[PDB]
Amino acid sequence: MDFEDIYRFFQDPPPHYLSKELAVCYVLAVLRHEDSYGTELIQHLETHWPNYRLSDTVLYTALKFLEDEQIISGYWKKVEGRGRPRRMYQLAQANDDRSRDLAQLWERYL
Amino acid sequence: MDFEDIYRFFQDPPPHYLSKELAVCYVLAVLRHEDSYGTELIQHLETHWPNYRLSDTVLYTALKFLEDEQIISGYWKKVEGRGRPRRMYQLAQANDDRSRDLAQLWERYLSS
């Protein structure tokens with residue numbers, strides 16, 4: 001323990017990993033603006049909201065929930081230069097106040 | 001999970017245990033107003049700032065640091081109707097008031 005290490009923590013504290021509940025609301029906040037995919041949802045968090053991180057396990061949990069609830073749907077998309085397609089997600093509906101409200105819990109949490 | 005979990009999470013998330021760094025600043029914020037003791041420092045944190053908790057492990061890390069750096073000192077106090085004495089803590093007299101700066105870091109963190 002030492003003073004440099006203290007103001008360190010305060011000037012640039014380490015991030016927290018999202019819980020499944022936060023992850024659901026984050027993912028919805030993103031998809032309300034653009035379709036996305038797992039790798040990007042993780043990376044976008046680190047770049048846009050660097051006090052937070054998202055693991056593959058929690059991301060999967062959130063996506064499975066949102067699919068089970070029919071709030072999002074998945075689709076395959078080509079990736080230039082690659083044979084293997086990419087699994088994209090989009091909001092399942094045009095108008096869904098549930099997705100809007102959940103996204104708003106994220107923006108209010110922040 | 002279900003949607004009720006979600007709203008319930010946002011209404012009352014699990015509290016965050018203080019890191020050793022935040023615990024040093026919290027303890028100093030307390031001691032700038034009053035002498036205190038371990039069990040009180042832990043309880044006071046939860047009662048006044050319920051989004052946080054302090055463990056005995058992290059508290060004793062913080063207290064040992066602050067004693068080793070000569071910012072705080074301890075003394076023994078007699079508790080009514082009890083054999084076991086109580087270790088109290090207070091800011092030591094010093095020229096360089098290290099506690100102000102660190103206490104500020106707590107309060108600023110709270111508003112952030």
# chains A, B, ... in the order shown; residues from 1 in each chain; ligands from 1
>>> interface_residues(of="chain A", to="chain B", cutoff="12 Å", atoms="only C-alpha atoms", output="number ranges by chain")
A: 1-14, 16, 18-26, 61-66, 68-69, 71, 98-99, 101-110
>>> select_by_dssp(residues="range 9-94 of chain B", states="helix (DSSP H, G or I)", output="PyMOL selection string")
chain B and resi 9-11+20-31+38-48+56-68
>>> write_last_selection(atoms="N, CA and C atoms", output="CSV table (one decimal), in the first residue's frame")
chain,number,residue,atom,x,y,z
B,9,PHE,N,-32.7,-5.3,-9.6
B,9,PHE,CA,-31.3,-5.0,-9.6
B,9,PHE,C,-31.1,-3.5,-9.7
B,10,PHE,N,-31.8,-2.8,-10.5
B,10,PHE,CA,-31.6,-1.4,-10.6
B,10,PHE,C,-32.1,-0.6,-9.4
B,11,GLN,N,-33.1,-1.1,-8.8
B,11,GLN,CA,-33.6,-0.4,-7.6
B,11,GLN,C,-32.7,-0.5,-6.4
B,20,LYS,N,-9.1,-1.4,-0.6
B,20,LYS,CA,-8.3,-1.0,0.5
B,20,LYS,C,-8.0,0.6,0.3
B,21,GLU,N,-7.9,1.0,-0.9
B,21,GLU,CA,-7.7,2.4,-1.2
B,21,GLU,C,-8.9,3.3,-0.8
B,22,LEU,N,-10.1,2.9,-1.1
B,22,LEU,CA,-11.2,3.6,-0.7
B,22,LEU,C,-11.4,3.5,0.8
B,23,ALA,N,-11.1,2.4,1.4
B,23,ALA,CA,-11.2,2.2,2.9
B,23,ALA,C,-10.3,3.2,3.6
B,24,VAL,N,-9.1,3.4,3.2
B,24,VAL,CA,-8.2,4.3,3.8
B,24,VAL,C,-8.8,5.7,3.8
B,25,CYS,N,-9.4,6.1,2.7
B,25,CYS,CA,-10.0,7.5,2.6
B,25,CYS,C,-11.3,7.6,3.4
B,26,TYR,N,-12.1,6.6,3.4
B,26,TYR,CA,-13.3,6.6,4.2
B,26,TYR,C,-13.0,6.7,5.7
B,27,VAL,N,-12.0,5.8,6.2
B,27,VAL,CA,-11.7,5.8,7.6
B,27,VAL,C,-11.2,7.2,8.0
B,28,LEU,N,-10.3,7.8,7.1
B,28,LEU,CA,-9.8,9.1,7.4
B,28,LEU,C,-10.9,10.2,7.4
B,29,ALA,N,-11.9,10.1,6.5
B,29,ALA,CA,-13.1,11.0,6.5
B,29,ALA,C,-13.8,11.0,7.9
B,30,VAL,N,-14.0,9.8,8.5
B,30,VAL,CA,-14.6,9.6,9.8
B,30,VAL,C,-13.7,10.2,10.9
B,31,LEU,N,-12.5,9.9,10.9
B,31,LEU,CA,-11.6,10.3,12.0
B,31,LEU,C,-11.3,11.8,12.0
B,38,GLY,N,-13.2,-0.2,15.1
B,38,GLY,CA,-13.5,-1.1,13.9
B,38,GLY,C,-15.0,-1.4,13.7
B,39,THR,N,-15.7,-1.9,14.8
B,39,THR,CA,-17.0,-2.3,14.6
B,39,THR,C,-17.9,-1.1,14.2
B,40,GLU,N,-17.6,0.0,14.8
B,40,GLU,CA,-18.4,1.2,14.4
B,40,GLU,C,-18.1,1.7,13.0
B,41,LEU,N,-16.8,1.7,12.6
B,41,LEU,CA,-16.5,2.1,11.2
B,41,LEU,C,-17.2,1.3,10.2
B,42,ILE,N,-17.3,0.0,10.4
B,42,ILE,CA,-18.0,-0.9,9.5
B,42,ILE,C,-19.5,-0.6,9.5
B,43,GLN,N,-20.1,-0.4,10.7
B,43,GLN,CA,-21.6,-0.2,10.8
B,43,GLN,C,-22.0,1.2,10.3
B,44,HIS,N,-21.2,2.2,10.6
B,44,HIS,CA,-21.4,3.5,10.2
B,44,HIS,C,-21.4,3.6,8.7
B,45,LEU,N,-20.6,2.9,8.0
B,45,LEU,CA,-20.5,2.9,6.5
B,45,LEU,C,-21.9,2.4,6.0
B,46,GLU,N,-22.3,1.3,6.4
B,46,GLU,CA,-23.6,0.7,5.9
B,46,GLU,C,-24.8,1.6,6.3
B,47,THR,N,-24.8,2.2,7.5
B,47,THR,CA,-26.0,3.0,7.9
B,47,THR,C,-26.1,4.3,7.1
B,48,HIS,N,-24.9,4.9,6.8
B,48,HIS,CA,-24.9,6.2,6.2
B,48,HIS,C,-24.8,6.2,4.7
B,56,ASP,N,-13.9,-6.8,7.6
B,56,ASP,CA,-12.8,-6.7,8.6
B,56,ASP,C,-11.4,-6.9,8.0
B,57,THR,N,-11.3,-7.7,7.0
B,57,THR,CA,-10.0,-7.9,6.3
B,57,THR,C,-9.5,-6.6,5.7
B,58,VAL,N,-10.3,-5.9,5.0
B,58,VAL,CA,-9.9,-4.6,4.3
B,58,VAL,C,-9.8,-3.5,5.3
B,59,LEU,N,-10.6,-3.5,6.3
B,59,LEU,CA,-10.5,-2.5,7.4
B,59,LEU,C,-9.1,-2.6,8.1
B,60,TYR,N,-8.7,-3.8,8.4
B,60,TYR,CA,-7.5,-4.0,9.2
B,60,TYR,C,-6.3,-3.7,8.3
B,61,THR,N,-6.4,-4.0,7.0
B,61,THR,CA,-5.4,-3.5,6.0
B,61,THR,C,-5.2,-2.0,6.0
B,62,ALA,N,-6.3,-1.3,6.0
B,62,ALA,CA,-6.4,0.1,6.0
B,62,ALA,C,-5.8,0.7,7.3
B,63,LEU,N,-6.3,0.1,8.4
B,63,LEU,CA,-5.8,0.6,9.7
B,63,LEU,C,-4.3,0.4,9.9
B,64,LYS,N,-3.8,-0.8,9.5
B,64,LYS,CA,-2.4,-1.0,9.6
B,64,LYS,C,-1.5,-0.1,8.7
B,65,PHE,N,-2.0,0.2,7.5
B,65,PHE,CA,-1.3,1.2,6.6
B,65,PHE,C,-1.2,2.5,7.3
B,66,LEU,N,-2.3,3.0,7.8
B,66,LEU,CA,-2.4,4.3,8.4
B,66,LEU,C,-1.6,4.4,9.6
B,67,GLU,N,-1.5,3.3,10.4
B,67,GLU,CA,-0.6,3.4,11.6
B,67,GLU,C,0.8,3.4,11.2
B,68,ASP,N,1.2,2.5,10.3
B,68,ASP,CA,2.6,2.4,9.7
B,68,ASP,C,3.1,3.7,9.1
>>> residues_around(residues="residue 97 in chain B", least_positions_apart="2", cutoff="12 Å", atoms="only C-alpha atoms", output="short mmCIF file (atom, residue, chain, number, x, y, z; two decimals) with C-alpha atoms, in the first residue's frame")
data_model
loop_
_atom_site.label_atom_id
_atom_site.label_comp_id
_atom_site.auth_asym_id
_atom_site.auth_seq_id
_atom_site.Cartn_x
_atom_site.Cartn_y
_atom_site.Cartn_z
CA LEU B 28 -9.84 9.15 7.44
CA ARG B 32 -11.37 13.91 10.91
CA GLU B 69 2.47 5.76 7.89
CA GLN B 70 1.93 7.55 11.26
CA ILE B 71 -1.35 9.14 10.19
CA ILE B 72 -3.43 7.47 12.91
CA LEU B 91 -5.73 11.09 13.92
CA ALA B 92 -2.21 11.59 15.28
CA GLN B 93 -0.78 15.15 15.74
CA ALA B 94 1.42 15.93 12.73
CA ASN B 95 2.58 18.93 10.66
CA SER B 99 -5.86 13.08 6.15
CA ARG B 100 -7.47 16.13 4.48
CA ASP B 101 -6.33 15.24 0.98
CA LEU B 102 -7.31 11.58 1.32
CA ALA B 103 -10.67 12.36 2.95
#
>>> select_by_dssp(residues="chain A", states="strand (DSSP E)", output="MDAnalysis selection string")
chainID A and resid 16:17 36:37 52:53 72:77 86:91
>>> closest_residue(among="A:17, A:91, A:86, A:97", to="residue 50 in chain A", atoms="only C-alpha atoms")
A:17
>>> atom_distance(atom1="CA of residue 15 in chain B", atom2="CA of residue 107 in chain B")
17.6 Å
>>> residues_around(residues="residue 88 in chain A", least_positions_apart="6", cutoff="6 Å", atoms="only C-alpha atoms", output="PyMOL selection string")
chain A and resi 36-37+74-76
>>> write_last_selection(atoms="N, CA, C and O atoms", output="PDB file, in the first residue's frame")
ATOM      1  N   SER A  36     -25.722  -5.489 -34.059  1.00  0.00           N
ATOM      2  CA  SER A  36     -24.351  -5.752 -33.595  1.00  0.00           C
ATOM      3  C   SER A  36     -24.124  -7.260 -33.454  1.00  0.00           C
ATOM      4  O   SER A  36     -24.974  -8.069 -33.843  1.00  0.00           O
ATOM      5  N   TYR A  37     -22.956  -7.617 -32.944  1.00  0.00           N
ATOM      6  CA  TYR A  37     -22.558  -8.997 -32.792  1.00  0.00           C
ATOM      7  C   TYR A  37     -21.704  -9.095 -31.541  1.00  0.00           C
ATOM      8  O   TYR A  37     -21.224  -8.069 -31.011  1.00  0.00           O
ATOM      9  N   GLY A  74     -31.652 -13.204 -34.095  1.00  0.00           N
ATOM     10  CA  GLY A  74     -30.333 -13.376 -34.656  1.00  0.00           C
ATOM     11  C   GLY A  74     -30.415 -13.642 -36.137  1.00  0.00           C
ATOM     12  O   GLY A  74     -31.469 -14.096 -36.649  1.00  0.00           O
ATOM     13  N   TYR A  75     -29.305 -13.346 -36.826  1.00  0.00           N
ATOM     14  CA  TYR A  75     -29.184 -13.637 -38.243  1.00  0.00           C
ATOM     15  C   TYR A  75     -27.726 -13.816 -38.614  1.00  0.00           C
ATOM     16  O   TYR A  75     -26.866 -13.375 -37.889  1.00  0.00           O
ATOM     17  N   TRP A  76     -27.460 -14.515 -39.705  1.00  0.00           N
ATOM     18  CA  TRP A  76     -26.092 -14.648 -40.205  1.00  0.00           C
ATOM     19  C   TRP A  76     -25.738 -13.592 -41.261  1.00  0.00           C
ATOM     20  O   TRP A  76     -26.555 -13.278 -42.146  1.00  0.00           O
TER      21      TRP A  76
END
>>> decode(residues="range 36-78 of chain A", atoms="N, CA and C atoms", output="compact mmCIF listing (two decimals), in the first residue's frame")
# COMPACT_ATOMS: atom_id res chain seq x y z
N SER A 36 -25.72 -5.49 -34.06
CA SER A 36 -24.35 -5.75 -33.60
C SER A 36 -24.12 -7.26 -33.45
N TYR A 37 -22.96 -7.62 -32.94
CA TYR A 37 -22.56 -9.00 -32.79
C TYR A 37 -21.70 -9.09 -31.54
N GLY A 38 -21.56 -10.31 -31.03
CA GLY A 38 -20.89 -10.51 -29.74
C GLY A 38 -19.54 -9.85 -29.55
N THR A 39 -18.60 -10.10 -30.44
CA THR A 39 -17.28 -9.47 -30.34
C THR A 39 -17.35 -7.94 -30.22
N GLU A 40 -18.16 -7.35 -31.09
CA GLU A 40 -18.36 -5.88 -31.07
C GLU A 40 -19.03 -5.35 -29.81
N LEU A 41 -20.00 -6.07 -29.27
CA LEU A 41 -20.70 -5.65 -28.07
C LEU A 41 -19.67 -5.60 -26.93
N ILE A 42 -18.79 -6.60 -26.87
CA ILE A 42 -17.73 -6.57 -25.84
C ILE A 42 -16.75 -5.44 -26.09
N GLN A 43 -16.22 -5.34 -27.30
CA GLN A 43 -15.23 -4.28 -27.57
C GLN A 43 -15.77 -2.86 -27.44
N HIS A 44 -16.99 -2.62 -27.95
CA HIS A 44 -17.69 -1.31 -27.91
C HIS A 44 -17.85 -0.84 -26.47
N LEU A 45 -18.09 -1.77 -25.56
CA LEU A 45 -18.21 -1.40 -24.17
C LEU A 45 -16.89 -0.83 -23.66
N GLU A 46 -15.82 -1.55 -23.91
CA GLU A 46 -14.50 -1.12 -23.43
C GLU A 46 -14.14 0.28 -23.98
N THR A 47 -14.55 0.60 -25.21
CA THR A 47 -14.17 1.87 -25.86
C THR A 47 -15.12 3.02 -25.52
N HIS A 48 -16.39 2.74 -25.37
CA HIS A 48 -17.37 3.81 -25.14
C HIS A 48 -17.58 4.05 -23.67
N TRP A 49 -17.46 2.99 -22.86
CA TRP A 49 -17.73 3.06 -21.43
C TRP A 49 -16.63 2.31 -20.70
N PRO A 50 -15.40 2.84 -20.78
CA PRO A 50 -14.21 2.13 -20.27
C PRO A 50 -14.17 1.84 -18.77
N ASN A 51 -15.10 2.34 -17.97
CA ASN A 51 -15.19 1.85 -16.59
C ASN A 51 -15.88 0.47 -16.43
N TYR A 52 -16.27 -0.11 -17.56
CA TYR A 52 -16.97 -1.41 -17.54
C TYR A 52 -16.39 -2.40 -18.56
N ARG A 53 -16.57 -3.67 -18.28
CA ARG A 53 -16.19 -4.76 -19.20
C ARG A 53 -17.32 -5.77 -19.21
N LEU A 54 -17.33 -6.62 -20.23
CA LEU A 54 -18.33 -7.64 -20.43
C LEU A 54 -17.65 -8.93 -20.85
N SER A 55 -17.96 -10.03 -20.13
CA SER A 55 -17.40 -11.36 -20.43
C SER A 55 -18.27 -12.13 -21.42
N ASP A 56 -17.68 -13.11 -22.07
CA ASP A 56 -18.41 -13.96 -22.98
C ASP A 56 -19.58 -14.65 -22.27
N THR A 57 -19.34 -15.12 -21.05
CA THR A 57 -20.38 -15.83 -20.30
C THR A 57 -21.60 -14.94 -20.03
N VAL A 58 -21.37 -13.72 -19.55
CA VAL A 58 -22.49 -12.84 -19.25
C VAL A 58 -23.17 -12.40 -20.52
N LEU A 59 -22.41 -12.13 -21.57
CA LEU A 59 -22.97 -11.72 -22.86
C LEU A 59 -23.93 -12.80 -23.34
N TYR A 60 -23.50 -14.06 -23.28
CA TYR A 60 -24.34 -15.17 -23.73
C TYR A 60 -25.63 -15.28 -22.93
N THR A 61 -25.51 -15.11 -21.62
CA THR A 61 -26.65 -15.10 -20.73
C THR A 61 -27.69 -14.03 -21.12
N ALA A 62 -27.21 -12.82 -21.35
CA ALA A 62 -28.06 -11.69 -21.74
C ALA A 62 -28.68 -11.95 -23.08
N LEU A 63 -27.89 -12.40 -24.07
CA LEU A 63 -28.45 -12.66 -25.41
C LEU A 63 -29.51 -13.76 -25.39
N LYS A 64 -29.25 -14.85 -24.64
CA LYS A 64 -30.20 -15.97 -24.52
C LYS A 64 -31.49 -15.48 -23.87
N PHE A 65 -31.38 -14.66 -22.85
CA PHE A 65 -32.57 -14.08 -22.26
C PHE A 65 -33.38 -13.26 -23.26
N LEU A 66 -32.71 -12.36 -23.97
CA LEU A 66 -33.38 -11.46 -24.89
C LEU A 66 -34.03 -12.21 -26.07
N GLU A 67 -33.40 -13.29 -26.51
CA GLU A 67 -34.01 -14.21 -27.50
C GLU A 67 -35.22 -15.00 -26.96
N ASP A 68 -35.06 -15.58 -25.77
CA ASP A 68 -36.16 -16.32 -25.11
C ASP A 68 -37.41 -15.41 -24.94
N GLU A 69 -37.17 -14.12 -24.65
CA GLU A 69 -38.22 -13.13 -24.47
C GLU A 69 -38.65 -12.50 -25.78
N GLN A 70 -38.04 -12.93 -26.89
CA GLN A 70 -38.39 -12.45 -28.22
C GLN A 70 -38.22 -10.94 -28.38
N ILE A 71 -37.25 -10.38 -27.67
CA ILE A 71 -36.95 -8.97 -27.75
C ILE A 71 -35.90 -8.73 -28.84
N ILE A 72 -35.01 -9.69 -29.07
CA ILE A 72 -34.06 -9.62 -30.19
C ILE A 72 -34.16 -10.86 -31.06
N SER A 73 -33.60 -10.78 -32.26
CA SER A 73 -33.45 -11.96 -33.10
C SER A 73 -32.09 -11.99 -33.73
N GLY A 74 -31.65 -13.20 -34.10
CA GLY A 74 -30.33 -13.38 -34.66
C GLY A 74 -30.42 -13.64 -36.14
N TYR A 75 -29.31 -13.35 -36.83
CA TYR A 75 -29.18 -13.64 -38.24
C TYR A 75 -27.73 -13.82 -38.61
N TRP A 76 -27.46 -14.51 -39.70
CA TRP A 76 -26.09 -14.65 -40.21
C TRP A 76 -25.74 -13.59 -41.26
N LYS A 77 -24.49 -13.11 -41.23
CA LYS A 77 -24.04 -12.10 -42.17
C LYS A 77 -22.64 -12.43 -42.65
N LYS A 78 -22.37 -12.18 -43.93
CA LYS A 78 -21.02 -12.32 -44.47
C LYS A 78 -20.06 -11.32 -43.91
